[PDB]
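Visitor: Attaching a single structure in structure tokens format; questions to follow.
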Amino acid sequence: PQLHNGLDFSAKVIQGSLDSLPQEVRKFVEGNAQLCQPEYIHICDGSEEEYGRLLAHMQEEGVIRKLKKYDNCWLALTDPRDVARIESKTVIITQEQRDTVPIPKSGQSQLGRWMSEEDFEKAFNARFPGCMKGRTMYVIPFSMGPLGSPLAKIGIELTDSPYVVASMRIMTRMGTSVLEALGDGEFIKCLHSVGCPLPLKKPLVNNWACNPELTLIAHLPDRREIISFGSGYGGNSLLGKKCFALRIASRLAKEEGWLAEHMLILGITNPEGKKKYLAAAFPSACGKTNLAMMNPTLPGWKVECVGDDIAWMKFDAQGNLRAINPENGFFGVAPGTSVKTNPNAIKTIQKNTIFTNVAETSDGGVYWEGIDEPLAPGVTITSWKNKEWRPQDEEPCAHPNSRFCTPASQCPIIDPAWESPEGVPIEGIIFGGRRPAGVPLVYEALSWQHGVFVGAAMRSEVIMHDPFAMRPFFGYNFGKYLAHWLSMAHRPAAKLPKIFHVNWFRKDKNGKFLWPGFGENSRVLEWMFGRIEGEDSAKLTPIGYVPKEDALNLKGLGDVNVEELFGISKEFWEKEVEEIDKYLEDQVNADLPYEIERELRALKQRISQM
Ligand SMILES: Nc1nc2c(ncn2[C@@H]2O[C@H](COP(=O)(O)OP(=O)(O)OP(=O)(O)O)[C@@H](O)[C@H]2O)c(=O)[nH]1
Ligand SMILES: [Mn+2]
Ligand SMILES: [Mn+2]
Ligand SMILES: [Mn+2]
Ligand code: NA
């Protein structure tokens, strides 16, 4: 009801109907309409028409450019201040800090950033009131995972950014079908604003609305809310991407008995026609997308992609670890993507793809560092800063973490069960990062508990810790996350996947990679496949099982330096255990599970006996 006409926002709806919305959805939309004061409310239907028209509108406003070389491809160049995720401005709100991060023994937590309810409410009040003035508030009903999946979760994102709408259509299942399936069911409330109400208080840079000084990406797991202000970019704005997919979802996972992880999912088939699904957690810059879409060099082998970034996994009644890709597309790093490094991505991204912060060629194509493709004489390059650019300048033509946004259904090797509601059975979990020295190409954890330790001990690159590739993404206390992983071993009839650790990045004394990697990583996956089958192809070492002599198929690779590649040094590993000890003691402290501490003791002891 109302004594006037300030609460009913029906008159400002330009697509859809508030009356047709589920009650709790309407309250979410109208309540934030009252707060943010948008000019219009557009309830998205997810249709091709809505999509095409909105892209054309952004094009006319100069917000995006059409890439004329390709089929329905687009380019956005952002404000340089709004180029990536800002961890210092990414927070999780809970009653007690200990529930969000372990209280460190000595230093500051690097496992998350807590903000009190009190401090967030002040921050919220200083940002959102009237922030959508003069703008359309878009209502994005989206599913994270196949619509009918028991592993899927539903979100509603409100945004004043058409860039977010178009990108969410690609990255999630979006539209009217989602609302109809949701009904009076539960959903994650996602609120986003670029933080630039009209009239503009500050000058617009590169037609890219953002408020850097006030940027704040907040997560409120107990309220089932994500609230993001000031940034229009990637993980800060596409609230399904990391905020929902990893931070909120990992909390839900903890509560409900499942796992939300920074993992690719791939299906691998051998020459005997046997197929296994694998998951792998690597940090940013460590090649999940390359592995997920691998073109295998080994004859008779086939790799297929379920997902390249996020895995939602739950042990079923039969004890199989069932996994879905909750995403609907690939939000891949553009620089470094070539025919050599990722040929299947090259194929995917030439239609219906949105590019952000890459360079543009004179004939309307895309360009970036490591594209490994020469241009015809005459073809010139415009950089991501909208500047004339030559191949030999002291400046990259694309932003180091510039991205493409492409539909998953377009991947030539997309898995036939990539959107099967029941998910796919994971038989192996892979951990890894960038280690220039000391860490063998591949090793296998001795048990589930050792495997959890291996994930927890992950380091990459200055070499920094990134446990489970989840350091920027823990939705709650990492110690409790470790306990949650360990508890899976005590679950009824659980078939615990084999756990491996890989290192593509080991270098010799001259700084060149000892392993050719990319397509050649099918040789590593072959060994993993065999080990899952119970093949006697492993040699026991202090760090776990490694391939036997001659176990790894090296045919066609010439003379690979295996002794250096698989070399295990007592002195390196003595230092390794020490640094892992100090890290877990400080960062996890009182929340370090007994079994992780035990695995550290165990590894320390095995190394001492070298
Ligand atoms: N040497 C070597 N480098 C690799 C290999 N696979 C991937 N890379 C490198 O990894 C980088 C690309 O990986 P990213 O796309 O940033 O990794 P990602 O896990 O998909 O990152 P996010 O999308 O942010 O999650 C490039 O620099 C590649 O050269 C490999 O097998 N060997
Ligand atoms: Mn990726
Ligand atoms: Mn990622
Ligand atoms: Mn136990
Ligand atoms: Na722009």
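Ordering of the structure tokens sets the chain letters (A, B, ...), residue numbers begin anew at 1 in every chain, and ligands are numbered from 1 in the order given.
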Counting only C-alpha atoms and all ligand atoms, which residues of chain A fall within 9 Å of ligand 4, and what is the closest atom pair for each with its distance in Å at one decimal, ordered by chain and rising number, as CSV?
Guide:
residue,atom,partner,partner_atom_place_in_ligand_line,distance
A:449,CA,ligand 4,1 (Mn),7.5
A:483,CA,ligand 4,1 (Mn),8.9
A:486,CA,ligand 4,1 (Mn),6.1
A:487,CA,ligand 4,1 (Mn),6.4
A:488,CA,ligand 4,1 (Mn),8.6
A:489,CA,ligand 4,1 (Mn),6.5
A:490,CA,ligand 4,1 (Mn),6.7
A:594,CA,ligand 4,1 (Mn),8.8
A:595,CA,ligand 4,1 (Mn),6.9
Visitor: Keeping only N, CA, C and O atoms, write the selected residues as an mmCIF file, in the first residue's frame.
Guide:
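After the write, out_19.cif holds the following:
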data_model
loop_
_atom_site.group_PDB
_atom_site.id
_atom_site.type_symbol
_atom_site.label_atom_id
_atom_site.label_comp_id
_atom_site.auth_asym_id
_atom_site.auth_seq_id
_atom_site.Cartn_x
_atom_site.Cartn_y
_atom_site.Cartn_z
ATOM 1 N N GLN A 449 44.116 -37.026 2.879
ATOM 2 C CA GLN A 449 44.600 -36.076 3.880
ATOM 3 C C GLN A 449 45.873 -35.373 3.412
ATOM 4 O O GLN A 449 46.008 -34.158 3.577
ATOM 5 N N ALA A 483 38.989 -28.112 7.144
ATOM 6 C CA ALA A 483 38.221 -29.111 7.888
ATOM 7 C C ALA A 483 37.080 -29.683 7.045
ATOM 8 O O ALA A 483 36.792 -30.883 7.105
ATOM 9 N N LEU A 486 38.558 -32.117 4.575
ATOM 10 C CA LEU A 486 38.942 -33.334 5.301
ATOM 11 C C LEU A 486 37.741 -34.215 5.658
ATOM 12 O O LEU A 486 37.828 -35.444 5.583
ATOM 13 N N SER A 487 36.625 -33.583 6.019
ATOM 14 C CA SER A 487 35.411 -34.295 6.434
ATOM 15 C C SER A 487 34.804 -35.189 5.346
ATOM 16 O O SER A 487 34.035 -36.109 5.653
ATOM 17 N N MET A 488 35.149 -34.915 4.085
ATOM 18 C CA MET A 488 34.631 -35.681 2.947
ATOM 19 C C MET A 488 35.058 -37.148 3.009
ATOM 20 O O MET A 488 34.363 -38.027 2.495
ATOM 21 N N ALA A 489 36.201 -37.402 3.651
ATOM 22 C CA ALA A 489 36.736 -38.755 3.828
ATOM 23 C C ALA A 489 35.890 -39.606 4.777
ATOM 24 O O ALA A 489 35.989 -40.834 4.767
ATOM 25 N N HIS A 490 35.064 -38.949 5.589
ATOM 26 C CA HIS A 490 34.201 -39.635 6.551
ATOM 27 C C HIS A 490 32.742 -39.683 6.093
ATOM 28 O O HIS A 490 31.853 -40.043 6.868
ATOM 29 N N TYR A 594 43.988 -30.741 12.823
ATOM 30 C CA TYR A 594 44.969 -31.710 13.317
ATOM 31 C C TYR A 594 45.665 -32.477 12.186
ATOM 32 O O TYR A 594 46.878 -32.689 12.226
ATOM 33 N N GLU A 595 44.887 -32.874 11.182
ATOM 34 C CA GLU A 595 45.386 -33.694 10.078
ATOM 35 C C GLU A 595 46.322 -32.955 9.125
ATOM 36 O O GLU A 595 47.230 -33.563 8.556
#
Visitor: Taking the backbone alone, and naming residues the way the document does, which bits of region 124-372 of chain A are strand (DSSP E or B) by DSSP, as a VMD selection string?
Guide: chain A and resid 136 to 144 153 to 159 173 to 174 188 to 193 205 208 216 to 220 225 to 229 259 to 261 264 to 269 275 to 281 302 to 307 311 to 315 321 to 324 329 to 333 351 354 to 356 359 to 361 366 to 367
Visitor: Enumerate, in order of chain and increasing residue number, the residues of region 239-333 of chain A with an atom no farther than 12 Å from region 165-169 of chain A, each with its shortest atom pair and distance in Å to one decimal, counting only C-alpha atoms, as CSV.
Guide:
residue,atom,partner,partner_atom,distance
A:239,CA,A:168,CA,8.5
A:240,CA,A:168,CA,7.8
A:241,CA,A:168,CA,8.8
A:327,CA,A:168,CA,9.7
A:328,CA,A:169,CA,8.3
A:329,CA,A:169,CA,9.0
A:330,CA,A:167,CA,10.4
A:331,CA,A:167,CA,9.2
Visitor: Between A:49, A:60, A:8, A:581, single out the one closest to ligand 5, counting only C-alpha atoms and all ligand atoms.
Guide: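 Comparing A:49, A:60, A:8, A:581 against ligand 5, the winner is A:60.
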Visitor: Please, which residues have at least one atom within 8 Å of an atom of ligand 3, using only C-alpha atoms and all ligand atoms, listed as a list in words?
Guide: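 Residues lying within 8 Å of ligand 3: residues 242, 262, 283, 284, 309 and 310 of chain A.
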Visitor: Counting only C-alpha atoms and all ligand atoms, what are the residues, protein, DNA or RNA alike, that approach ligand 2 to within 7 Å? I want them as an MDAnalysis selection string.
Guide: chainID A and resid 287:289 308:309 331:333
Visitor: Residues near region 121-134 of chain A, anyone? I mean within 9 Å using only C-alpha atoms, not counting same-chain ones fewer than 6 positions away, as a list in words.
Guide: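 So the residues in contact are residues 32, 33, 34, 35, 36, 37, 38, 39, 40, 159, 160, 193, 194, 195, 196, 197, 198, 199, 214, 216, 227, 229 and 230 of chain A.
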Visitor: Would you mind listing what lies within 7 Å of residue 354 (chain A) as a list in words, with only C-alpha atoms counted and same-chain residues fewer than 4 positions away left out?
Guide: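 With the cut-off at 7 Å, the set is residues 73, 74, 75, 404, 405 and 406 of chain A.
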Visitor: Could you list the protein, DNA and RNA residues that have any atom within 10 Å of ligand 5, counting only C-alpha atoms and all ligand atoms, and write them as a PyMOL selection string?
Guide: chain A and resi 58-59+61-65+75-79+204-209+356-357+384-386
Visitor: State, in Å with one decimal place, the distance from CA of residue 453 (chain A) to CA of residue 596 (chain A).
Guide: 5.6 Å
Visitor: Which residues are near residue 589 (chain A)? Cut-off 9 Å, only C-alpha atoms, ignore same chain within fewer than 3 positions. Put them as a list in words.
Guide: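 So the residues in contact are residues 102, 103, 104, 105, 479, 584, 585, 586 and 592 of chain A.
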Visitor: Would you export the selected residues with C-alpha atoms as a JSON list (two decimals), in the first residue's frame, please?
Guide:
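What follows is the written file selection-v3.json:
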[["chain", "number", "residue", "atom", "x", "y", "z"],
["A", 102, "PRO", "CA", 41.35, -17.18, 10.82],
["A", 103, "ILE", "CA", 42.87, -14.80, 13.38],
["A", 104, "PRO", "CA", 46.58, -14.79, 12.51],
["A", 105, "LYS", "CA", 49.27, -15.54, 15.10],
["A", 479, "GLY", "CA", 40.86, -23.40, 8.56],
["A", 584, "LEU", "CA", 50.13, -22.21, 8.20],
["A", 585, "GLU", "CA", 51.11, -21.37, 11.80],
["A", 586, "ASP", "CA", 50.57, -17.63, 11.26],
["A", 592, "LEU", "CA", 44.60, -25.43, 11.53]]
Visitor: Which is closest to residue 323 (chain A) among A:429, A:481, A:397, A:348, if we use only C-alpha atoms?
Guide: A:429
Visitor: Between CA of residue 115 (chain A) and CA of residue 202 (chain A), what distance in Å does the model show, to one decimal?
Guide: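 Interatomic distance, CA of residue 115 (chain A) to CA of residue 202 (chain A): 27.8 Å.
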Visitor: Can you pull out the residues contacting residue 72 (chain A)? Cut-off 9 Å, using only C-alpha atoms, and skip same-chain residues under 4 positions away; I want them as JSON, numbers by chain.
Guide: {"A": [66, 67, 68, 350, 351, 352, 353, 354]}
Visitor: Could you write out the selected residues, including N, CA and C atoms, as a PDB file, in the first residue's frame?
Guide:
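Output (again29.pdb):
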ATOM      1  N   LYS A  66      32.052  -2.133 -32.482  1.00  0.00           N
ATOM      2  CA  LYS A  66      31.829  -3.381 -33.205  1.00  0.00           C
ATOM      3  C   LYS A  66      33.109  -3.787 -33.921  1.00  0.00           C
ATOM      4  N   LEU A  67      33.486  -5.054 -33.771  1.00  0.00           N
ATOM      5  CA  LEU A  67      34.649  -5.602 -34.461  1.00  0.00           C
ATOM      6  C   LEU A  67      34.215  -6.208 -35.795  1.00  0.00           C
ATOM      7  N   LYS A  68      34.400  -5.433 -36.862  1.00  0.00           N
ATOM      8  CA  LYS A  68      33.850  -5.752 -38.185  1.00  0.00           C
ATOM      9  C   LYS A  68      34.470  -6.967 -38.888  1.00  0.00           C
ATOM     10  N   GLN A 350      35.688 -16.081 -32.233  1.00  0.00           N
ATOM     11  CA  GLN A 350      35.535 -15.314 -33.469  1.00  0.00           C
ATOM     12  C   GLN A 350      34.076 -15.046 -33.834  1.00  0.00           C
ATOM     13  N   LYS A 351      33.163 -15.460 -32.958  1.00  0.00           N
ATOM     14  CA  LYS A 351      31.757 -15.081 -33.082  1.00  0.00           C
ATOM     15  C   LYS A 351      31.075 -14.879 -31.732  1.00  0.00           C
ATOM     16  N   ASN A 352      30.128 -13.938 -31.703  1.00  0.00           N
ATOM     17  CA  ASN A 352      29.303 -13.634 -30.525  1.00  0.00           C
ATOM     18  C   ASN A 352      30.096 -13.413 -29.232  1.00  0.00           C
ATOM     19  N   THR A 353      31.242 -12.750 -29.357  1.00  0.00           N
ATOM     20  CA  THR A 353      32.184 -12.609 -28.250  1.00  0.00           C
ATOM     21  C   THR A 353      32.439 -11.143 -27.914  1.00  0.00           C
ATOM     22  N   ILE A 354      32.403 -10.827 -26.623  1.00  0.00           N
ATOM     23  CA  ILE A 354      32.745  -9.490 -26.154  1.00  0.00           C
ATOM     24  C   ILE A 354      34.179  -9.482 -25.627  1.00  0.00           C
TER      25      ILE A 354
END
Visitor: Find the residue from A:25, A:101, A:151, A:321 that sits nearest to residue 421 (chain A); use only C-alpha atoms when measuring.
Guide: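 So, comparing all the options, the nearest one is A:151.
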Visitor: Measure the distance from CA of residue 228 (chain A) to CA of residue 86 (chain A) in Å and round it to one decimal.
Guide: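 Straight-line distance from CA of residue 228 (chain A) to CA of residue 86 (chain A) works out to 11.7 Å.
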Visitor: For residue 379 (chain A), list every protein, DNA or RNA residue within 12 Å, evaluated using only C-alpha atoms, and leave out those in the same chain fewer than 4 positions away; present the list as number ranges by chain.
Guide: A: 360-367, 374-375, 388-391
Visitor: Choose the residue, out of A:410, A:136, A:295, A:116, that has the smallest atom-to-atom separation from residue 42 (chain A); count only C-alpha atoms.
Guide: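 The closest residue to residue 42 (chain A) is A:136.
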Visitor: Any chance you could list, as a PyMOL selection string, the residues in region 78-170 of chain A that come up alpha helix (DSSP H) when DSSP is run on the backbone?
Guide: chain A and resi 117-125+162-170
Visitor: Which is closer to ligand 1 than all the others in A:274, A:254, A:498, A:85, using only C-alpha atoms and all ligand atoms?
Guide: A:85
